[PDB]
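One structure is given below, encoded as structure tokens.
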Amino acid sequence: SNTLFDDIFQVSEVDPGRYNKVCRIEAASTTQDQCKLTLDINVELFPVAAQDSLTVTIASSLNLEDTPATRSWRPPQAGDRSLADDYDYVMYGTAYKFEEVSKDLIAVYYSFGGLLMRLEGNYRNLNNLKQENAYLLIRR
Amino acid sequence: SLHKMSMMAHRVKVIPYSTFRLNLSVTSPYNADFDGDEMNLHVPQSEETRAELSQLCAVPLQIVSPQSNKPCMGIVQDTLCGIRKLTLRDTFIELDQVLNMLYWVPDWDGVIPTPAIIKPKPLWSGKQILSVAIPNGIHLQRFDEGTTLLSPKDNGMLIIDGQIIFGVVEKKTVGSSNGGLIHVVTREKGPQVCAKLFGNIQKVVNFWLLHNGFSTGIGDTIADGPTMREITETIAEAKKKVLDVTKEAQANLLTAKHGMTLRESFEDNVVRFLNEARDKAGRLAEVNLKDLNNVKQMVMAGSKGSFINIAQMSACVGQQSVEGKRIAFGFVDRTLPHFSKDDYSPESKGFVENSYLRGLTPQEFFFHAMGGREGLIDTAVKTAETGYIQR
Amino acid sequence: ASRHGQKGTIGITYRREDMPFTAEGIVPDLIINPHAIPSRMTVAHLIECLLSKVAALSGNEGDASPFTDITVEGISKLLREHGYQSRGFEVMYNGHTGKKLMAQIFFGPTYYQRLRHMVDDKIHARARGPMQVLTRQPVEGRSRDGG
Amino acid sequence: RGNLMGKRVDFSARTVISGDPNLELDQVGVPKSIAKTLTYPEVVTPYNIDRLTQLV
Amino acid sequence: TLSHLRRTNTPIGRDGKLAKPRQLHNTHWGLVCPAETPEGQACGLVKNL
Amino acid sequence: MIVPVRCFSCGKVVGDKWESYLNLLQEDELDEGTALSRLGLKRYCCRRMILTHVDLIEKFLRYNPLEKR
Amino acid sequence: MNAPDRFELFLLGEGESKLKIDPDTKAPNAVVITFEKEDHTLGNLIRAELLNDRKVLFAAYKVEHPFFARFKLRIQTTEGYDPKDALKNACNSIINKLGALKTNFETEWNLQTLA
Amino acid sequence: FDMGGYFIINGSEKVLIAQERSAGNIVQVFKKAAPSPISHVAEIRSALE
Amino acid sequence: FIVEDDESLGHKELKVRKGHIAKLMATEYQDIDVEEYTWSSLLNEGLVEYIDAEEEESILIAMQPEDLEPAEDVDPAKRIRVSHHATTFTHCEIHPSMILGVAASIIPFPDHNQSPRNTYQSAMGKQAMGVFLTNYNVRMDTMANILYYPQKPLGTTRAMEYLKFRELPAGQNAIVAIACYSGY
Amino acid sequence: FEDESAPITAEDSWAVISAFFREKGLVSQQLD
Amino acid sequence: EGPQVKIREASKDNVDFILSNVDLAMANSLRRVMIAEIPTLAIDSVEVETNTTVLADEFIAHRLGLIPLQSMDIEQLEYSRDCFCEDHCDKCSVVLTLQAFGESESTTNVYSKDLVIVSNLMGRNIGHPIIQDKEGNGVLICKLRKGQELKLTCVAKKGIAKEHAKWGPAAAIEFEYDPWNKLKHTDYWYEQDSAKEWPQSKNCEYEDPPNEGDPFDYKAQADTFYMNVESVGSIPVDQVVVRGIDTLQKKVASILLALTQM
RNA sequence: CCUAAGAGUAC
Ligand SMILES: [Mg+2]
Ligand SMILES: [Zn+2]
Ligand SMILES: [Zn+2]
């Protein structure tokens, strides 16, 4: 339930490509220079411009309380409190590759229904990321 | 019924209309269309024949053929085009249509997958919904041209544990191809699971295409002004090169390639130049075509059409050939009485520089008619000879 | 079949409420698959559909002679003068839900011929019937209840 | 060739084919009239004495 | 009826496999229809004025 | 043969606009499109229903009746 | 020949009922209701009004074949809420909305003078 | 609109298809294949009308 | 059409002029008193000629008079045509669309189609259903198929009013949508 | 038009064709 | 409170209105019910006594079946399927008679004005063929040469357009929503510019054009449907809309009745 | 009923 990863990124490039609703953004972490992000975002549902600051968090579950998906997704009832309430853009995906980029750097690949993400950084702060499902939460 | 896959065991479903109704995927082994084709039905009259018909000749058992150790049935026609349009990254499905598509899958386990996008609006992608039809435990990894682990072009295919990780689903994935989804599923889970996969994929993709729509029209065969001007420039450049070759040959300055006469070398050069002209004009047109072009979408999916169809419809029909040669001099030293004697220009000997959109001049129409006549004669002779040879 | 070699049999028959409809309430008399167009390259089918649309809207006869100076651009401009999309595409709505179709449909009048090959004259079944006098095998032909 | 290697057989039907996206891969749509003409001999068994009777 | 009354027949076998008589010859321009012929064994052998 | 009662696509009644159409073409010297618009046929389905009709019954009426009373 | 009578599209046959409910074994508190002699006209309306409900977790319909006029509607609600009750509430809301629309249309038509 | 040009034989409308033939009283010279001892043949289908 | 030197204009021109066309039009309108100007009048005055395949070997023909007879900002939508770069014509085509037969003259825009499709339609328009004769009610034919509401095509050729196609049509104008609607 | 010796256009060629079909017909070869 | 309506054009055979504060499903269901679910009177049985015309008997029967008939009080009539008579009676059918003779040397046009009602309507407002043109002659049924006769009797039952399109009282129903494509329910096909190549609908005057810079509204549902209903003539178009709403409500009430009684 | 011929249907 807790945040596996959290950082602040600056967007250097927005690549529409052939798509009208999805754009691939590259971002560089503003604190750790060894952390970089490639991410497909629905710009129609969450507009992103170049040189934009995004707070990015990767978590295992959205519930505030610690874990005691396998349960069918339910529409959010009124009064439901979740981590997504604090962010603007939330996606859910699976980790499908862990690559050893270098001695310290590792890369984690996520697929949110076909929207691809690659997060690269030293293993000292990316160690909480493991092969399972995750939620990606982005705020401006 | 040239092969054993053209004679297969089906299960009866009684319907209130005067036609045999069969799945679209099973028409490929039968080589069957619906433009008047007639098909035959035989009923076993004993338990032994019935049992061996169900256990040996059943359609699911014939999915992978011994002919090419690859599936003979696959996703074809509309279901193919839709499955390319549904699995695009742009394709996002809202809650209501997601629920309908999930219910349309007969063996859906009853759990709603978590949306690919949760906030600010719950949206599912087409890959997520199509992964429901894919049986659990299937891993497929095909790397197309230039694809990386990240897919900027969304080409290739990666499916992990029944979930489409990435890749646009098209003819290479759900078609009758070796190493595709059909082959992997029938070699991992069984022919019954493969047939059920056929049904599930067809149902979900057909529902999505019904509620999304697909068409084609005259505007899909039209290239814009600059591209048409460049196509005309390419045709003119090719005709000028042909004129230069003709000047060299008529001045005897042309040298014969080893192994053929001077006239054959001249004809070979002219035909090569005209063919590369048509190909270059077609490539210009196809590059011009936007991703929203319907013929482009059909060609990209592989359901129907080819690059040559786009080239002939939009850029240039090309060179008409009879018996592997250009249009012969039926009249004395000339193709038609509308041309002067000894004219070896592209238009005189059957080059159709006009596209089907622009129409054909009468001489081009007659030459194209000659080419089509040769094609029809060849088709008839070929089918007769192949029947004899097969017997 | 159209006048361009586009033969085909009726797959299913939908009622008017199930057919897709334009913003003017017009429903098609026929729905044909797009996939019949690219491989067969029957561009004349599309051109004649556009010309027939223009002719029906304007009341003049569509001159579809082969080697005349009638271009697709002129027909498209005439159609645009009539308030329709120049290439014949129309925004159609799904008949089951009323929602807009994401893709616009090529729509217009086209001349179709009904061919002599009806299904009722070709359906034939035989479990047991007349037998040949010499070989004691079932007779030949559906007119004789053959096999 | 015309009577031994290949012969005309009974319990066979022939008709035009149309596509059905709502049918299974192994399922074939059979017209009701064709189903009424083509027949299968089912041996009367204690397990299926009832339903066969209903068909009779 | 109009096509049948202006039909021409070439009495060259029909089961032969040499394609030259069936080809649309250049001298056929304006005398017989370039594209009107059966697709079967009678391709090119049956011509229409 | 004879003018169809209803437009095939939408179902608007066009069988009552044939003689009016012929009168407009003959007496008022109008062109086809203006006459079609005057009769109220605004959708090209009805316009093609009335415009493309071939009144073969006039031919059939030239033959003497098979059974004359 | 094999053409079915058209009235089979809206007339209930002998020995069959308008609605039949089967519990769904895939998910808890889920039912599948088969509607006979109905089509998309009712299916889409019922599905939308069911999706308007806050306690409905899943609501979908499908016409398994255009040949036969019938559709299956799957409804899954939260614990303690009968899916039949959800169907009841959806139908009630549809009736109320249709009555309001008929009243409003009558009132608006009565304002015309050129009709 | 009936154009004629047909016969009524036993009540059935029969049309005579135009029979194609090689023209008479014309000299035609054809090359022959390698196995044949004759290389070129000049023939005329001489016929008096 | 016969082409003569026409020394007055100094260039090759058709022997037929607007006066002969006017006389032909007058005869056609009167048919719907002047001296009759029929096809035999053009034949007997040296205006039109009959050329067979043997004589056609020794003539040069102009496909159209307007683009080939007169000696030499174009529409980009038009098809590409050539002027043949020669002025020695002896005869002129009356109209190119006259190379097609009865079945092919029914095809709308046959030059925009692939030729096997034209052949398919030609072999398939004979199987088309319509009105074969107006006196079908008094004929005891073995089999007759008649359309309820034959319609003349919206896309019609100039050569099909000599074939009486608008009087005896063999088809209907149906509103067609080219769509992947239901997969059926 | 006014000039009796003026050259004809492509449209005028359909008059001559009409004249041809006025005197020959469609089955003129059979009848002749 | 609920679905709101504002009507733009009121004609004898057309009504053009706006349907606001309603779901897309409800608007589509109303359109479908109007197309196919409204009961109407039309000729269903034809007994041909004399036919010396050039038209086939079933040809004339098919033409007669397509003749629009007045159906204002069609709800008072009963279906022939649920009536206690043997074949047809006065509580479930209207009897017309078409009797024509060619006593004129010119062509005699047999119209629908010669359709004479024989059965006693019992004061209802059904049976009459709908006359629209100013000449007074209805749909041209047949033509007679001199000496030709056509005598026949028509039994007209009530029916809905689902059973046969001859019972459809709705003609063409124009149905449009979101003219500015603000919901992005369509991806416009274009060559150069989608705005220029796609003509603006007449309904675009009734909505605010987009600001071209505002972000896409993902919370916006579908409402404000511009609908134009046309009447063949059997019932007034306002009655078409009212009866369509009534029939949809009846279907929903029947679902409730079945659920409650089971 | 047999034979022959012709016209087509889908490859
Ligand atoms: Mg076929
Ligand atoms: Zn209409
Ligand atoms: Zn009664």
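Chain identifiers are assigned as A, B, and so on, following the order in which chains appear in the structure tokens; residues are numbered from 1 within each chain, and ligands are numbered from 1 in order of appearance.
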
(request) May I have all residues of chain C that DSSP, computed from the backbone, assigns to strand (DSSP E), given as a PyMOL selection string? (result) chain C and resi 21-22+30-32+62-63+89-90+92-93+105-112+124-126

(request) Mind checking which residues fall within 8 Å of residue 41 in chain H, counting only C-alpha atoms (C1' of nucleotides), ignoring those fewer than 4 positions away in the same chain, and posting them as a PyMOL selection string? (result) chain H and resi 29-32

(request) Report as an MDAnalysis selection string which protein, DNA and RNA residues come within 8 Å of ligand 3, using only C-alpha atoms (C1' of nucleotides) and all ligand atoms. (result) chainID K and resid 78:80 82:93

Ligand 2: which residues are within 10 Å, counting only C-alpha atoms (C1' of nucleotides) and all ligand atoms? Reply as a PDB file with C-alpha atoms, in the first residue's frame.
ATOM      1  CA  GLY C  25     -32.514   9.888 -40.983  1.00  0.00           C
ATOM      2  CA  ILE C  26     -31.445   8.194 -44.221  1.00  0.00           C
ATOM      3  CA  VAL C  27     -30.633   4.505 -43.782  1.00  0.00           C
TER       4      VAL C  27
ATOM      5  CA  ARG F   6     -43.074   4.415 -50.802  1.00  0.00           C
ATOM      6  CA  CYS F   7     -39.390   5.271 -50.894  1.00  0.00           C
ATOM      7  CA  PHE F   8     -37.384   2.115 -50.261  1.00  0.00           C
ATOM      8  CA  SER F   9     -34.962   3.640 -47.750  1.00  0.00           C
ATOM      9  CA  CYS F  10     -37.005   5.973 -45.543  1.00  0.00           C
ATOM     10  CA  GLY F  11     -40.591   5.105 -46.477  1.00  0.00           C
ATOM     11  CA  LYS F  12     -41.899   8.504 -47.567  1.00  0.00           C
ATOM     12  CA  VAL F  13     -44.902   8.199 -49.877  1.00  0.00           C
ATOM     13  CA  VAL F  14     -43.796   9.123 -53.409  1.00  0.00           C
ATOM     14  CA  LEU F  41     -38.532  15.378 -51.920  1.00  0.00           C
ATOM     15  CA  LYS F  42     -35.544  16.724 -49.980  1.00  0.00           C
ATOM     16  CA  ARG F  43     -33.705  13.486 -49.189  1.00  0.00           C
ATOM     17  CA  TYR F  44     -31.944  11.978 -52.187  1.00  0.00           C
ATOM     18  CA  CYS F  45     -33.571   8.614 -51.427  1.00  0.00           C
ATOM     19  CA  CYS F  46     -36.973   9.973 -52.459  1.00  0.00           C
ATOM     20  CA  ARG F  47     -35.343  12.038 -55.207  1.00  0.00           C
ATOM     21  CA  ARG F  48     -33.868   8.886 -56.740  1.00  0.00           C
ATOM     22  CA  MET F  49     -37.185   7.096 -56.183  1.00  0.00           C
ATOM     23  CA  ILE F  50     -39.028   9.608 -58.366  1.00  0.00           C
TER      24      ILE F  50
ATOM     25  CA  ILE I 175     -28.629   3.446 -51.129  1.00  0.00           C
TER      26      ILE I 175
ATOM     27  CA  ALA K 171     -40.699   7.800 -42.387  1.00  0.00           C
ATOM     28  CA  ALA K 172     -37.223   9.346 -41.864  1.00  0.00           C
TER      29      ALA K 172
END

(message) Please list as a VMD selection string every residue within 12 Å of residue 40 in chain D, counting only C-alpha atoms (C1' of nucleotides) and excluding residues in the same chain fewer than 5 positions away.
(response) (chain B and resid 42 to 47 49 to 50) or (chain C and resid 127 to 128) or (chain D and resid 10 to 12 35 52)

(message) Please find the residues of chain C near chain J - the criterion being any atom within 12 Å, counting only C-alpha atoms - and write them as a list in words.
(response)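 Matching residues, ligands excluded from the count: residues 65, 67, 68 and 69 of chain C.
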
At most 10 Å is the cut-off: for each residue in chain G with any atom that close to an atom of chain K, write down the nearest atom pair and the distance in Å rounded to one decimal, counting only C-alpha atoms, chain first then increasing number, as a tab-separated table.
residue	atom	partner	partner_atom	distance
G:5	CA	K:163	CA	8.3
G:6	CA	K:163	CA	4.9
G:7	CA	K:163	CA	5.5
G:8	CA	K:163	CA	8.6
G:9	CA	K:162	CA	7.5
G:10	CA	K:162	CA	7.9
G:11	CA	K:81	CA	9.8
G:17	CA	K:258	CA	8.5
G:18	CA	K:258	CA	6.7
G:19	CA	K:258	CA	6.8
G:20	CA	K:262	CA	8.9
G:21	CA	K:259	CA	9.6
G:35	CA	K:255	CA	8.8
G:38	CA	K:251	CA	9.3
G:40	CA	K:29	CA	8.2
G:41	CA	K:29	CA	4.9
G:42	CA	K:29	CA	7.0
G:43	CA	K:25	CA	9.2
G:44	CA	K:25	CA	5.8
G:45	CA	K:25	CA	5.0
G:46	CA	K:25	CA	8.6
G:47	CA	K:25	CA	8.6
G:48	CA	K:25	CA	6.6
G:49	CA	K:25	CA	8.7
G:84	CA	K:259	CA	8.1
G:85	CA	K:259	CA	9.9
G:87	CA	K:256	CA	8.6
G:88	CA	K:256	CA	6.7
G:89	CA	K:256	CA	9.7
G:90	CA	K:252	CA	9.6
G:91	CA	K:252	CA	6.0
G:92	CA	K:256	CA	8.1
G:93	CA	K:252	CA	10.0
G:94	CA	K:252	CA	7.4
G:95	CA	K:249	CA	5.6
G:96	CA	K:2	CA	8.3
G:97	CA	K:2	CA	5.8
G:98	CA	K:245	CA	6.3
G:99	CA	K:249	CA	7.7
G:100	CA	K:2	CA	5.8
G:101	CA	K:3	CA	5.1
G:102	CA	K:242	CA	6.2
G:103	CA	K:242	CA	9.1
G:104	CA	K:5	CA	6.2
G:105	CA	K:5	CA	5.9
G:106	CA	K:242	CA	7.7
G:107	CA	K:5	CA	9.1
G:108	CA	K:6	CA	6.5
G:109	CA	K:238	CA	7.3
G:111	CA	K:7	CA	9.5
G:112	CA	K:10	CA	7.0
G:113	CA	K:10	CA	8.5
G:114	CA	K:10	CA	6.5
G:115	CA	K:10	CA	5.2

(request) Specify as a VMD selection string all residues of chain B found within 10 Å of chain K, counting only C-alpha atoms. (result) chain B and resid 120 to 121 212 to 213 219 to 220 222 to 224 289 to 290 292 to 294

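Inspection of the environment of ligand 1, which uses only C-alpha atoms (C1' of nucleotides) and all ligand atoms and a cut-off of 7 Å, identifies the neighbouring residues as residues 32, 33, 34, 35, 36 and 37 of chain B; 10 of chain L.
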
(message) Using DSSP secondary structure from the backbone, list all helix (DSSP H, G or I) positions within chain G, as JSON, numbers by chain.
(response) {"G": [6, 7, 8, 9, 40, 41, 42, 43, 44, 45, 46, 47, 48, 49, 50, 51, 83, 84, 85, 86, 87, 88, 89, 90, 91, 92, 93, 94, 95, 96, 97, 98, 99, 100, 101, 102, 103, 104, 105, 106, 107, 108, 109]}

Distance-based interface of chain G with chain D, 8 Å, counting only C-alpha atoms, as a PDB file with N, CA, C and O atoms, in the first residue's frame:
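Below you can see part14.pdb, which holds the result:
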ATOM      1  N   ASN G   2     -37.456 -21.252 -45.729  1.00  0.00           N
ATOM      2  CA  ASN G   2     -36.958 -21.310 -44.361  1.00  0.00           C
ATOM      3  C   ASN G   2     -37.129 -19.996 -43.616  1.00  0.00           C
ATOM      4  O   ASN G   2     -36.683 -19.888 -42.470  1.00  0.00           O
ATOM      5  N   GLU G  64     -27.291 -12.457 -28.437  1.00  0.00           N
ATOM      6  CA  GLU G  64     -26.373 -13.509 -28.858  1.00  0.00           C
ATOM      7  C   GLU G  64     -26.477 -13.821 -30.345  1.00  0.00           C
ATOM      8  O   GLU G  64     -25.539 -14.394 -30.908  1.00  0.00           O
ATOM      9  N   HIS G  65     -27.580 -13.458 -30.987  1.00  0.00           N
ATOM     10  CA  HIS G  65     -27.726 -13.667 -32.421  1.00  0.00           C
ATOM     11  C   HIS G  65     -28.800 -12.739 -32.969  1.00  0.00           C
ATOM     12  O   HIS G  65     -29.910 -12.683 -32.423  1.00  0.00           O
TER      13      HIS G  65
END

(request) Compile the contact shell of residue 155 in chain B as a PyMOL selection string: residues with an atom at most 8 Å away, counting only C-alpha atoms (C1' of nucleotides), same-chain residues fewer than 2 positions apart removed. (result) chain B and resi 143-144+147+151-153+157+166-168

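Of note, CA of residue 124 in chain B and CA of residue 205 in chain B are spaced 14.7 Å apart.
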
(request) Kindly give the distance, in Å, that separates CA of residue 96 in chain A and CA of residue 94 in chain B, rounded to a single decimal. (result)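 Taking CA of residue 96 in chain A as the start and CA of residue 94 in chain B as the end point, the length is 25.2 Å.
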
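Note that the spacing between CA of residue 57 in chain K and CA of residue 135 in chain I amounts to 17.3 Å.
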
(message) List the spatial neighbours of residue 86 in chain A as a ChimeraX atom specification - criterion: any atom at most 12 Å away, only C-alpha atoms (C1' of nucleotides), same-chain residues fewer than 4 positions off excluded.
(response) /A:55-57,62-64,81-82,90,137-140 /B:119-120

(request) Residues of chain J near chain E: apply a cut-off of 12 Å, count only C-alpha atoms, and supply the list as a PyMOL selection string. (result) chain J and resi 25-31

Those residues with C-alpha atoms, as a tab-separated table (two decimals), in the first residue's frame please?
chain	number	residue	atom	x	y	z
J	25	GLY	CA	-29.90	-0.68	-85.55
J	26	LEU	CA	-28.36	-3.26	-83.26
J	27	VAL	CA	-28.93	-6.47	-85.25
J	28	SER	CA	-28.41	-4.96	-88.69
J	29	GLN	CA	-25.78	-7.57	-89.56
J	30	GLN	CA	-28.20	-10.48	-89.01
J	31	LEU	CA	-31.02	-8.87	-90.99

Considering only C-alpha atoms, tabulate each residue of chain E that lies at most 9 Å from chain I along with its nearest interatomic pair and the corresponding distance in Å to one decimal; arrange the rows by chain and ascending residue number and present them as a tab-separated table.
residue	atom	partner	partner_atom	distance
E:1	CA	I:132	CA	7.6
E:2	CA	I:102	CA	6.8
E:3	CA	I:102	CA	5.9
E:6	CA	I:102	CA	8.6
E:27	CA	I:53	CA	6.2
E:28	CA	I:53	CA	8.1
E:29	CA	I:99	CA	6.4
E:30	CA	I:99	CA	4.0
E:31	CA	I:99	CA	6.9
E:32	CA	I:101	CA	6.9
E:33	CA	I:101	CA	4.7
E:34	CA	I:100	CA	6.5
E:35	CA	I:119	CA	4.7
E:36	CA	I:119	CA	5.2
E:37	CA	I:123	CA	6.4
E:38	CA	I:123	CA	6.1
E:39	CA	I:120	CA	7.8
E:48	CA	I:101	CA	6.5
E:49	CA	I:101	CA	6.0

Limited to C-alpha atoms, could you put the picked residues into a file as a PDB file, in the first residue's frame?
ATOM      1  CA  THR E   1     -30.801 -10.643 -75.851  1.00  0.00           C
ATOM      2  CA  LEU E   2     -28.810  -7.847 -77.497  1.00  0.00           C
ATOM      3  CA  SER E   3     -25.511  -9.499 -76.565  1.00  0.00           C
ATOM      4  CA  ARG E   6     -24.386  -9.951 -81.648  1.00  0.00           C
ATOM      5  CA  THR E  27      -6.943  -6.035 -84.541  1.00  0.00           C
ATOM      6  CA  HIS E  28     -10.009  -6.557 -82.320  1.00  0.00           C
ATOM      7  CA  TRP E  29     -10.065  -2.815 -81.568  1.00  0.00           C
ATOM      8  CA  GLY E  30     -13.543  -1.478 -82.272  1.00  0.00           C
ATOM      9  CA  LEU E  31     -14.750  -4.676 -83.963  1.00  0.00           C
ATOM     10  CA  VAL E  32     -15.336  -6.919 -80.932  1.00  0.00           C
ATOM     11  CA  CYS E  33     -15.737  -5.931 -77.303  1.00  0.00           C
ATOM     12  CA  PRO E  34     -12.394  -5.835 -75.440  1.00  0.00           C
ATOM     13  CA  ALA E  35     -14.009  -7.092 -72.203  1.00  0.00           C
ATOM     14  CA  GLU E  36     -17.043  -9.275 -72.871  1.00  0.00           C
ATOM     15  CA  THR E  37     -16.360 -13.018 -72.785  1.00  0.00           C
ATOM     16  CA  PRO E  38     -17.134 -16.010 -70.548  1.00  0.00           C
ATOM     17  CA  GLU E  39     -14.607 -16.741 -67.817  1.00  0.00           C
ATOM     18  CA  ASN E  48     -19.249 -10.012 -78.934  1.00  0.00           C
ATOM     19  CA  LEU E  49     -19.506  -7.413 -81.681  1.00  0.00           C
TER      20      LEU E  49
END
